Each structure stands twice: as structure tokens, then as C-alpha cells.
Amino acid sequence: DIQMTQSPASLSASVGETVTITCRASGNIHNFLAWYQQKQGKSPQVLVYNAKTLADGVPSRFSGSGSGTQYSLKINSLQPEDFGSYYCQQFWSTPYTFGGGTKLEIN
């Protein structure tokens, strides 16, 4: 099984700032990576898939990068609605795994 290590576990930033969430896979996942955003009580929504493909309806503020085992999600110019939990997921090898999550709070 592939382990997904997401960092930082939590962070708080101000509106208009840039944040970077890193993800580390225990093995090569060949760019088969997805990023999700989850609002309190609500269901997760896909932000980025295939490591760098921006999902339909998602603002250009969100950008995914990386290859091999090191992947990143960047949020430029933070907006108030950006608060919530963020998760990475690998779909290269079964069983599919998610990162521990990153809790984002806005000030």
C-alpha cells in the first residue's frame, strides 16, 4: 500500500496571501494524484486531478504541481470562502489512499 504524507497538518493565513500544501507519496504514483476541498459538514469537491489538471468551475487561484513522489497544491490570493479541509489522493495503486488532511483557517 502507498502512504500519503500531507504537510502542514493545519495552517491559518490572511485574505490575499499565498499558501502551499505539500504531499509526499511512499512510492511513485506516476502523476495519478487528485486534490479535494471539504467544507464543514459538506462533501469533498475535486480541485485538481492528474497532478496539474484544474477541474471544471475551479478558480485559477488553485494550481497543482510536482511529479514522482513530491506533489504540491498552491492557493494564490486567498479568499474568505477558501477555509476548510484539503486532501490529496493517489489513484495509481490499490488500495487508493488519501493524505491526513490540511485544515485551512482564514483571518
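A residue's number is simply how far along the shown sequence it sits, counting from 1.
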item	value
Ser14 - Cα temperature factor, lowest/middle/highest third of chain	highest
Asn50, C-alpha B-factor rank within chain (lowest, middle or highest third)	lowest
Third assignment of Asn31 from its chain's C-alpha B-factors	lowest
Ranked against its chain, the third holding the CA B-factor of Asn76	highest
Record-listed C-alpha B factor of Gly66: chain third	middle
